[PDB]
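**Q** experimental structure and sequence below.
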Amino acid sequence: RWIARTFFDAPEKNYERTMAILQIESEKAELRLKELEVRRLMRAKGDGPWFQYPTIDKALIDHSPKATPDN
Amino acid sequence: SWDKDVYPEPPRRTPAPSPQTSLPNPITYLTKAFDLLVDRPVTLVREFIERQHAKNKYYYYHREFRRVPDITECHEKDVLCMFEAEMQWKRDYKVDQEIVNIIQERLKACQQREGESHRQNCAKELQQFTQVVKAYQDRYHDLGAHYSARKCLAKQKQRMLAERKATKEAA
């Protein structure tokens, strides 16, 4: 009884530690699988803000009266 | 102490030996000398130690648990449901192993008490032994080392589905 009193831990302490720790890592695993599914559909269709390789910037396209009428 | 209804004992049967002739009886003198040389001093020592025990009073309690609901009520993944489910199942597994230990100790004690006639007054305990161990062989046996709880419920479903097909053939 003295050994359990001065050194060891209650099963309540360890049990709730296990339960909280499973909650944490279940969040981690669900976010990881959701991450890779979001990544594969976002590479497939391209609608998302990740895989957008830079196209032409149209600010340099400056329409104006040219020399030749038929451009 | 212990309950007399979980570790049963038949009543005692002891004869009174009638000596035909008179040598007499070395073991009676020897057991009276044994009583006077062993039985009195160890009793006095134990009585002293029991008074030293009963000066103060310790107590230890029995740890008790509740009924967390099921594994049949837990969902697809839900790890904070399956955890309580499978720890409740594993504690049932430990206490059920010790049920088997109690029944097998009863069988051993029926063997040694009843003497050289085994089959008298040991039919009932052998009957309940084969009953509980048939239940154990049906329920926990052929799953292996990586039991969690889910292989036991899979065995449960597979066995009752096979017996459902058997009674459909028996219909």
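**A** That came through, no problem. Numbers count the residues shown, from 1 in each chain, chains lettered A, B, ... in the order given.
**Q** which bits of chain B sit near chain A?
**A** Applying CB under 8 Å from any CB of the partner chain, we find that chain B lies next to chain A at B:60, B:77, B:79, B:80, B:83, B:84. C-beta: built from backbone N, CA, C; applies to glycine.
**Q** ok, the closest residue to chain A within chain B - contacts?
**A** Closest residue of chain B to chain A, CB to the nearest CB: residue B:79 (4.4 Å). Counting by CB atoms under 8 Å, 6 or more residues apart in numbering or on different chains, residue B:79 makes contact with A:22, A:23, A:26.
**Q** now the two most distant members of the residues of chain B next to chain A.
**A** Spatial extent of the residues of chain B next to chain A (CB to CB) is set by the pair B:60 and B:77 at 39.8 Å.
**Q** of those two, who's got more company?
**A** residue B:77 (10 against 6; other CB atoms under 10 Å in any protein chain shown).
**Q** show the buried residues in the contacts of residue B:79.
**A** By neighbour count, with 16 or more other CB atoms under 10 Å in any protein chain shown, the contacts of residue B:79 hold no buried member.
**Q** I'd like the next helix or strand past the longest helix along chain B.
**A** Across chain B, the helix with the greatest residue count (assigned by DSSP state H) is helix B:79-114. Next helix or strand after helix B:79-114 toward the C-terminus (DSSP states H and E): helix B:123-139.
**Q** which strands and helices lie in contact with that next one?
**A** helix B:79-114, helix B:150-170 (3 or more CB pairs under 8 Å, 6 or more residues apart in numbering or on different chains; DSSP states H and E).
**Q** not counting its neighbours along the chain, what's nearest the most centrally placed residue in chain B?
**A** Residue closest to the mean C-alpha point of chain B, counted by CA atoms, centre = their mean, is residue B:102 at 1.5 Å. Nearest residue to residue B:102, sequence neighbours excluded (CB to CB, 6 or more residues apart in numbering or on different chains): residue B:6, at 7.1 Å.
**Q** can you show me the helices along chain A?
**A** Counting by DSSP H, chain A has helices at residues A:2-6, A:11-45.
**Q** tell me the contacts of residue B:136?
**A** B:96, B:100.
**Q** how about stretch B:148-159: buried residues?
**A** Applying a neighbour-count criterion of 16+ other CB under 10 Å, one finds B:149, B:152, B:155 buried in stretch B:148-159.
**Q** make JSON lines from the residues you listed and add distance to residue A:64 to it.
**A** Formatted as JSON lines, the buried residues of stretch B:148-159 follow (distance: CB to CB, whole Å):
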{"residue": "B:149", "distance to residue A:64": "77"}
{"residue": "B:152", "distance to residue A:64": "81"}
{"residue": "B:155", "distance to residue A:64": "82"}
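**Q** looking at these, which one is closest to residue B:109?
**A** residue B:152 (31.0 Å).
**Q** quick one: contacts for that closest one?
**A** So residue B:152 contacts B:89, B:139, B:140, B:143 (CB under 8 Å, 6+ apart).
**Q** touching, the last one and residue B:151? I think so.
**A** Yes: assessed by CB atoms under 8 Å, residue B:143 is found in contact with residue B:151 at 4.7 Å.
**Q** and the contacts of residue B:152, which are buried?
**A** Among those, those scoring as buried are B:89, B:140 (criterion: 16+ other CB under 10 Å).
**Q** which one of the contacts of residue B:152 is nearest residue B:36?
**A** residue B:140 (54.4 Å).
**Q** returning to what we had before: list the buried residues for the longest helix of chain B?
**A** Buried, per 16+ other CB under 10 Å, within helix B:79-114: B:81-86, B:88-89, B:103, B:106-107, B:109-110.
**Q** quick one, what contacts the nearest residue to residue B:125 once chain neighbours are set aside?
**A** Nearest residue to residue B:125 in three dimensions, chain neighbours excluded: residue B:110, at 4.9 Å (CB to CB, 6+ apart). Neighbouring residues of residue B:110 by CB under 8 Å, 6+ apart: B:121, B:122, B:125, B:126.
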